[PDB]
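Single-letter residue listing:
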Amino acid sequence: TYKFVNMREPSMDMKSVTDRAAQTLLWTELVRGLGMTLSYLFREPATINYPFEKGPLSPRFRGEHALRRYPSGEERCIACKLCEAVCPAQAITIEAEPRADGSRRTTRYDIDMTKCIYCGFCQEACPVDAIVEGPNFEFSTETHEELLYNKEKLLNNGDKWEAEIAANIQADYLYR
Amino acid sequence: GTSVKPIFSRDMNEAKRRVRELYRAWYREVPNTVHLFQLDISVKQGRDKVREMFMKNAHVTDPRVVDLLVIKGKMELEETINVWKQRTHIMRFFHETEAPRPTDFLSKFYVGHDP
Amino acid sequence: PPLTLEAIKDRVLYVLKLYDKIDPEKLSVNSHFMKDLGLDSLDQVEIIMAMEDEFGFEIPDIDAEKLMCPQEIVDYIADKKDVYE
Amino acid sequence: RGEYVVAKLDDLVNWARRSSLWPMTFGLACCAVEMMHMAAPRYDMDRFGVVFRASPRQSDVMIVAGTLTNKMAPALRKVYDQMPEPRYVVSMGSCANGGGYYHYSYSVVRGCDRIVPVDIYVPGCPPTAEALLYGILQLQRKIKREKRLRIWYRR
Amino acid sequence: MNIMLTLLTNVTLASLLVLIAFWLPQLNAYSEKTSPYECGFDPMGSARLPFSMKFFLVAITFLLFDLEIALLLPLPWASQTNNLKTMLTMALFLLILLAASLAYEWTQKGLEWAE
Ligand code: SF4
Ligand code: SF4
Ligand code: SF4
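Report follows, based on the coordinates.

Thresholds applied
- Residues numbered from 1 in each chain as written, not as in the entry; some residues may be left out.
- Chains lettered and ligands numbered in written order.
- Part of a larger assembly, values for the part shown.
- Heavy atoms only, no water.
- Helix = DSSP H or I, 4+ residues; strand = E, 2+ residues; numbered from the N terminus.
- Rg over C-alpha atoms; globule rule 2.2 N^0.38 Å.
- Buried < 20%, exposed > 50% of the residue type's maximum accessible area, 1.4 Å probe, protein only.
- Contact = heavy atoms within 4.5 Å.
- Areas by Shrake-Rupley, 256 points an atom, 1.4 Å probe, with all protein chains shown as cover.
- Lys, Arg positive; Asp, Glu negative; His and termini not counted.
- Charge placed at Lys NZ, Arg CZ, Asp CG, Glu CD.
- Pairing = 2+ DSSP bridges.
- Axes fitted to C-alpha atoms, helices over the stretch in contact; angles between N-to-C directions.
- Buried area = accessible area lost by both parts, 1.4 Å probe.
- Salt bridge = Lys/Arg side-chain N within 4 Å of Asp/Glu carboxyl O.
- Polar contact = N/O pair within 3.5 Å; in protein donor to acceptor, adjacent residues only side chain to side chain.
- Nonpolar A, V, L, I, M, F, W, Y, C, P; charged D, E, K, R; others polar.
- Patch = residues over 30% accessible without salt bridge, like charges linked within 9 Å, V, L, I, M, F, W, Y side chains within 5 Å.
- Near = heavy atom within 4 Å.
- 1 Å grid on protein atoms, 1.4 Å probe; cavity = no way out; pocket = protein on both sides within 12 Å on 5 of 7 lines; lining within 4 Å.
- Points joined across faces, edges and corners; volume = space filled by probe spheres on them.
- Parallel < 35°, antiparallel > 145°, perpendicular 65-115°, else oblique.
- Left-handed = near helix turned anticlockwise from the far one by under 90°.

Looking at the overall build of chain B
Helices and strands together make up the secondary structure of chain B, namely 5 helices and 0 strands. Starting at the N terminus and walking to the C terminus, you meet the elements of chain B as α-α-α-α-α. A globule of 115 residues ought to have a C-alpha radius of gyration of about 13 Å, yet chain B, at 18 Å, is considerably larger. In terms of principal-axis extent, the alpha carbons of chain B reach across some 50 × 40 × 20 Å. Across the 115 residues of chain B, 30% fall into the buried class. Across chain B, every contact between residues at least 6 apart in sequence was considered, and the portion connecting residues at least 24 apart equals 67%. A total accessible area of about 8300 Å² is found for chain B, and carbon and sulfur atoms account for 55% of it. For chain B, the separation between the mean place of its 21 positive charges and that of its 16 negative charges on side chains is 4 Å.

Structural notes on the overall build of chain C
Per the secondary structure count, chain C includes 5 helices and 0 strands. Counting from the amino terminus, helix and strand elements in chain C follow one another as α-α-α-α-α. At 12 Å, chain C has a C-alpha radius of gyration in line with the 12 Å of a compact globule built from 85 residues. For chain C, the proportion of its 85 residues judged to be buried stands at 46%. Accessible area of chain C: about 4700 Å², with a carbon and sulfur share of 54%. Side-chain charges in chain C split into 9 positive and 21 negative, and the spacing between the mean points of these groups amounts to 3 Å.

What to know about the sheet that holds strand β1 (residues 23-27) of chain D
Residues and elements named next belong to chain D. Read across the open sheet, the 4 strands follow the order β1-β2-β3-β4; overall the sheet is parallel. Edge positions in the sheet fall to β1 and β4 (120-122), since each has one partner strand and no second. Adjacent strand axes in the sheet meet at a mean angle of 20°, parallel and antiparallel pairs treated alike. Here 5 bridges tie β1 to strand β2 (residues 61-65), and the two strands are oriented parallel to one another. Residue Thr 25 lies in a different strand from β2, and its bridge partner there is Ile 63. Across the sheet, helix α2 (residues 31-39) touches β1, β2 and β3 (88-92), and the angle it forms with β2 is around 130°. Strands in contact with helix α3 (residues 73-82) are β1, β2 and β3; relative to β2, the strand with the most contacts, it is inclined by about 165°.

Some points on the sheet that holds strand β2 (residues 92-98) of chain A
Note on sheets: strands pair through backbone hydrogen bonds, and any given pair is parallel or antiparallel. Residues and elements named next belong to chain A. Spatially, 3 strands are ordered β2-β3-β5 in an open sheet, and the strand pairing comes out antiparallel. Each edge of the sheet is formed by a strand with only one pairing partner; in this case those strands are β2 and β5 (148-149). With respect to the sheet, helix α5 (residues 151-172) is in contact with β3 (104-112) and β5, its orientation differing from that of β3 by roughly 90°.

Comments concerning the interface of chain A and chain D
Opposite the 29 residues of chain A that make contact, chain D presents 33 residues. Summing both sides of the interface, chain A and chain D together bury roughly 2500 Å²; the carbon and sulfur share of this comes to 57%. A per-residue breakdown of the area chain A buries against chain D is headed by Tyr 50, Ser 140 and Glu 142 of chain A, which together make up 27% of the total. In this assembly, chain A and chain D are joined by 1 salt bridge. A salt bridge links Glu 142 of chain A to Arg 145 of chain D; its shortest N-O distance comes to 3.2 Å. Seen at the junction of chain A and chain D, the total is 12 residue pairs in polar contact. Partitioning the side of chain A that touches chain D into residue classes produces 15 nonpolar, 9 polar and 5 charged.

Here we look at the arrangement of the chains
The pair of protein chains exhibiting the most contacts, out of 5 pairs of chains in contact, is chains A and D. Separating chain A from chain C is a minimum C-alpha gap of 50 Å, and the two share no contact.

A few points about a negative patch on the surface
A contiguous patch of negative charge on the surface is contributed by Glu 72, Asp 75, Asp 79 and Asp 82 of chain C. The exposed category is assigned to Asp 79 of chain C, whose relative accessible area is 58%.

Thoughts on the site of ligand 2
Near ligand 2, the surroundings consist of 13 residues, among which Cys 77, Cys 80, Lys 81, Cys 83 and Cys 126 of chain A are the closest. Partitioning the shell around ligand 2 into residue classes produces 12 nonpolar, no polar and 1 charged.

Side note on the environment of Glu 96 of chain B
Mapped onto the elements of the fold, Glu 96 of chain B is located in the loop between α4 (87-90) and α5 (105-111). Its relative accessible area of 57% is what places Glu 96 of chain B among the exposed residues.

Some details on empty space enclosed by the protein
Residue and element names in this part refer to chain A. Applying the stated criterion to the full structure yields 3 cavities of 30 Å³ or more. Put simply, the largest cavity is a space of about 100 Å³. Taken together, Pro 59, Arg 60, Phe 61, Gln 123, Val 132, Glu 133, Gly 134, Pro 135, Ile 165, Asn 168, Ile 169 and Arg 176 make up the full set of residues lining the largest cavity. Those elements that provide at least two residues to the lining of the largest cavity are β4 (131-133) and α5. Ranked by residues supplied to the lining of the largest cavity, first place goes to α5 with 3 residues.

Describing the pattern of salt bridges
This model, assessed by the stated rule, comprises 35 salt bridges over all chains. Where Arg 62 of chain A meets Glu 133 of chain A, a salt bridge forms, and the shortest distance between an N and an O atom there is 4.0 Å. Of this pair, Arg 62 of chain A sits in the loop between α2 (28-41) and β1 (65-67) while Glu 133 of chain A sits in strand β4, and the two are 71 residues apart along the sequence. On the basis of relative accessibility, which here comes to 43%, the residue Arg 62 of chain A falls in the partly exposed class. Among the ionic pairs, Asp 119 of chain D bridges to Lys 142 of chain D, the shortest N-O distance being 2.8 Å. Of this pair, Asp 119 of chain D sits in the loop between α4 (94-98) and β4 while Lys 142 of chain D sits in helix α5 (residues 129-144), and the two are 23 residues apart along the sequence. As far as the burial class goes, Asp 119 of chain D and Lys 142 of chain D line up, both buried. Via salt bridges that share partners, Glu 74, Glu 75, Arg 99, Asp 101, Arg 105 and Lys 151 of chain A belong to a single interconnected network.

So, the packing of helix α1 (residues 5-18) of chain C against helix α5 (residues 70-80) of chain C
All names here are of chain C. Look at α1 against α5: their axes get within 9 Å of each other, and the N-to-C directions meet at 135°. Classed by the angle they form, the pair α1 and α5 counts as oblique. Pair α1 / α5 crosses with right-handed handedness. Taking contact as the criterion, the partners of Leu 5, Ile 8, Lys 9, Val 12 and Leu 16 in α1 are, on α5, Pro 70, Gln 71, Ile 73, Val 74, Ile 77 and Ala 78. Split into classes, the residues belonging to the contact of α1 with α5 amount to 9 nonpolar, 1 polar and 1 charged.

Comments concerning unusual backbone geometry
With an omega of 0°, the peptide bond running from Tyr 50 of chain A to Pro 51 of chain A counts as cis. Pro 126 of chain D follows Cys 125 of chain D through a cis peptide bond whose omega is -5°. Topologically, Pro 126 of chain D is positioned in the loop between β4 and α5. A positive phi angle, close to 65°, is found at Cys 39 of chain E, a residue other than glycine. Topologically, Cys 39 of chain E is positioned in the loop between α1 (2-21) and α2 (53-72). With phi around 65°, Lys 109 of chain E is a residue other than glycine that occupies positive phi space. On the basis of relative accessibility, which here comes to 63%, the residue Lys 109 of chain E falls in the exposed class.

Any functional reading would require information beyond the geometric quantities listed.
Next up, the structure:
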């Protein structure tokens with residue numbers, strides 16, 4: 001099924017022709033436009049008072065990355081390199097080795113946040129919920145170099161944001 | 001098959017004729033390029049650059065390769081004439097920023113592993 | 001008046017000795033550009049331009065390649081502009 | 001002393017310069033639409049004095065919103081040069097920051113900071129309109145702490 | 001004369017605003033900064049771009065209409081004559097001739113912005 005958008009012929013009688021002449025000479029549809037703008041002037045604006053008010057987000061929101069720990073304080077990352085393998089932008093650089101206690105742990109874990117596309121594939125690939133994208137989205141920097149994250153930087157991000165990261169994960173893990 | 005079809009030229013003399021026409025066009029264009037793009041080079045420098053670009057391909061014997069080289073040269077000439085290229089594009093034939101690379105064995109040995 | 005044969009020969013001579021790779025002392029009436037003066041066909045193409053900006057008219061590729069000796073340019077110019085001294 | 005007057009004058013000029021940050025719409029790619037979303041009613045960048053401006057001759061900040069390609073970089077540098085001073089550059093999105101998804105491409109310049117000096121790097125692909133607004137307010141706070149007249153007084 | 005003082009004050013204050021506007025800012029200018037603006041590239045000078053007979057024709061037709069308007073301006077005092085029928089006849093005559101000029105320009109292409 002289809003429909004025509006502009007297949008109406010105007011009526012050609014006295015009253016219709018006079019209606020169109022009055023519309024031509026008295027600018028009635030221009031007055032309708034003025035009325036629409038005037039009606040919008042008396043509507044409450046949709047503006048929010050940033051930064052005192054914030055745009056609404058969801059637990060699934062993909063922001064700044066973080067490396068997480070177990071309740072014991074032990075790191076979750078066991079350096080499987082799945083996130084580095086799946087990373088569409090090749091933003092993840094990993095080096096690992098046996099730790100002094102024998103654990104399988106990273107010695108390098110870099111994310112080039114200027115290479116990153118913030119797709120969240122890394123946190124999908126991760127089998128232990130080690131790498132996540134956190135809720136933070138206000139981390140603009142004055143230099144390019146502060147956006148090339150380190151393992152220390154990402155672990156400090158995890159320690160900084162774990163309280164709300166864990167709540168978001170608890171909110172959404174049953175969908176995953 | 002044993003033989004192949006031409007691009008334009010059925011022979012090497014035809015390819016040379018078109019090469020000469022393209023060289024003529026480029027040689028006449030160079031002064032207008034120097035003036036219009038406000039290049040800081042001389043017309044002698046630009047025409048010597050045109051000649052040196054032509055001389056890179058002097059070893060070509062295949063008339064089809066010569067024809068495609070002429071096609072690409074005419075394309076470049078039309079980018080230059082119509083001012084589709086910027087000054088930076090015209091000045092890229094002159095690698096003014098790149099440092100003089102070594103050529104002899106000893107300096108290449110000193111600076112790294114590349115042959 | 002239509003410039004005579006020597007009125008073409010001297011112009012050819014001057015524009016030929018303005019060319020860098022052509023030595024004035026090695027340049028003669030019949031100094032063939034390639035074998036005598038040691039030039040390329042790109043050099044010949046370049047000098048043919050210098051025969052176009054002076055004499056006004058345009059020499060096309062079909063016969064501009066035929067202009068090897070400085071006398072041959074003179075004869076071509078004389079023929080083209082209906083010059084018969 | 002006379003350094004109090006210079007400090008007050010610097011404060012005045014830097015309040016006037018950050019209260020009328022007029023940016024130039026350099027919308028190259030997907031980051032352009034989140035920036036006009038920061039323009040949209042929900043965030044209303046005009047309420048901060050940040051107007052919708054025009055030709056670089058009346059622009060104070062360049063927002064590089066999108067991938068910069070090799071074919072496009074000379075134009076970006078040209079319009080950056082044509083901006084009157086003081087002028088600032090905000091790099092918005094991964095592509096403008098360091099190449100992003102297209103970092104390893106033959107035709108993409110890896111970060112606009114190879115072409116222009118950048119004041120603020122807004123991360124994200126794309127950064128949300130709120131993230132770009134945060135970057136803009138951070139740029140405003142950068143302007144607040146400039147000491148141009150105090151530098152001059154101690155020269 | 002009060003009006004002369006008023007004009008002097010207006011012109012003087014406008015020029016003073018120029019002087020503050022055009023000397024107070026701190027400057028640092030280079031060649032590529034003041035280059036003519038062409039949306040990220042360089043402009044072509046070409047040769048006398050502002051052409052087309054239509055721009056000149058609208059100016060000429062405005063000139064002639066403005067002359068007839070100059071003929072119409074004395075009308076508020078013209079209605080104060082005892083010989084009102086002659087004055088009305090002549091004012092309406094002038095307005096019919098204005099309408100006739102408009103109609104003749106209209107019908108003979110004239111006011112059109114053609115291909
Ligand atoms: S969010 Fe995507 S692009 Fe960024 S590090 Fe993770 S996998 Fe790589
Ligand atoms: S963060 Fe997760 S996916 Fe990446 S190496 Fe560590 S355990 Fe593997
Ligand atoms: S950073 Fe992401 S959203 Fe922005 S232009 Fe590049 S690919 Fe598009």
